[PDB]
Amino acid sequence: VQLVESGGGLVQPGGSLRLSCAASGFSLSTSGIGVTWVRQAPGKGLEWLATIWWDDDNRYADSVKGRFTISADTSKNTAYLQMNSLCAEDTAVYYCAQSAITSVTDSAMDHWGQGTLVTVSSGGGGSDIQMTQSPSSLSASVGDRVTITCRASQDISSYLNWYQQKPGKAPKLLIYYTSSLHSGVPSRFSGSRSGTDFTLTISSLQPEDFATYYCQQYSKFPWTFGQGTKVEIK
């Protein structure tokens, strides 16, 4: 007596998978009553997803409702989890199990399958250019010189822009093409390059300059941003 699972694999967000849970050594009862799916994200605990229950009432977790469907074909002695509109957070080992269905007081899950791994990913980053900003935050006083650095993981020529974002507001372009100031930007902002390091300098920090600053490369698509440097008051 066991449940054997198949169908897991690697998909991108928005994709679909169909997991199968084949029963061996016993017959699923009426309409697969009691068949249940549970998942376990890497390093995490168990999460109940769905159970075929009495009176044509399939039960689902809020985390999968409207995207996943549990069903069973007793003719084929197999149950299924149809998984539509997959998301990165659905990455997990997926288990099926048979919940006890002979007594109202015991629905515990037994005969758990070996699990099938589902990985939902848009990629590990691949060849995308990574922009590394340093420091990630700093506190300084009005009048201080502030220097923020941004390293490109590969050649980007001089195709680097700097933005400022204040809390609750949209980003504003400060400097483009490494060192050219956008109109209206105060002269205390300047940009430079030394090797693969790009620097935004504020020569004398003013009260209105507390903000988060971001670099951005446009040498290649995808356009990528540094993680940001928050400049705060001491």
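We number the residues from 1 along the sequence you see.
Of the two segments, 73 to 81 and 157 to 165, the one listed with the higher mean B-factor is 73 to 81 (C-alpha atoms only). As listed in the deposited structure, the average C-alpha B-factor of 84 to 92 and of 117 to 125 is greater for 117 to 125. Remark: of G45, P171, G66, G195, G195 shows the highest value [criterion: C-alpha B-factor in the PDB entry]. Residue set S107, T147, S139, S134: peak C-alpha B-factor at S134 (per PDB entry). The PDB entry assigns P13 a C-alpha temperature factor belonging to the highest third of its chain's modelled residues. When the modelled residues of the chain are ordered by their C-alpha B factor, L49 lands in the lowest third.
Ranked by C-alpha B-factor against the other modelled residues of its chain, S29 falls in the highest third. In this PDB entry, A23 carries a Cα temperature factor that places it within the highest third of its chain's modelled residues. Sort the chain's modelled residues by C-alpha temperature factor and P207 lands in the highest third, per the entry.
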